[PDB]
Amino acid sequence: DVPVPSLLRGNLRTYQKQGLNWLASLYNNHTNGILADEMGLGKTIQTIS
Amino acid sequence: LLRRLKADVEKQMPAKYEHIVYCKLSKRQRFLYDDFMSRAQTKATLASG
Ligand SMILES: Nc1ncnc2c1ncn2[C@@H]1O[C@H](COP(=O)(O)OP(=O)(O)O)[C@@H](O)[C@H]1O
Ligand code: BEF
């Protein structure tokens, strides 16, 4: 996980940053999967990121 | 798959209690309930249909 934050302006927590970490293996490897995270943990912030 | 729960982000999340409140059925609801039970038995309850 080596994200370039620019235009991230909002702030994200550690486990959501790990959400982008595990999301980096999807598009880079051309793999598609289901992301199911506990409700209230901000999956939408991960998608926007 | 990707799955995380609140246990990792826990200890900053407040408590969650599930209460059970019992409310006795009213008078006209007791009459109407038994009435629909008997009238349902006139239809054979339609349990196995
Ligand atoms: N970095 C953050 N700081 C504070 N609150 C956040 C952060 N990220 C997400 N949230 C909160 O988490 C909620 C996420 O809701 P949403 O992603 O729409 O549905 P769900 O998280 O249930 O899948 C938002 O209402 C937001 O207020
Ligand atoms: F999972 Be959250 F409630 F959109």
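The residue numbers of chain A are those assigned by Swiss-Prot, with the residues present covering 685-733 sequentially.
So this one's electron microscopy, 3.6 Å, going by the header.
A Cβ is built for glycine as well, from the same backbone N, Cα and C atoms used for every other residue.
The Cβ neighbour count for A:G724 (ATP binding site), using a 10 Å radius and every protein chain shown, is 9. Under DSSP, A:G724 (ATP binding site) is assigned to coil, being neither helix nor strand in the three-state scheme. According to Swiss-Prot, the feature ATP binding site maps to A:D721, A:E722, A:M723, A:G724, A:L725, A:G726, A:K727, A:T728, an assignment based on sequence analysis.
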All-chain count of other Cβ atoms within 10 Å of A:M723 (ATP binding site): 8
Where the C-beta lies under 6 angstroms from ligand 2, the matching binding-site residues among A:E722, A:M723, A:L725, A:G726, A:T728: A:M723
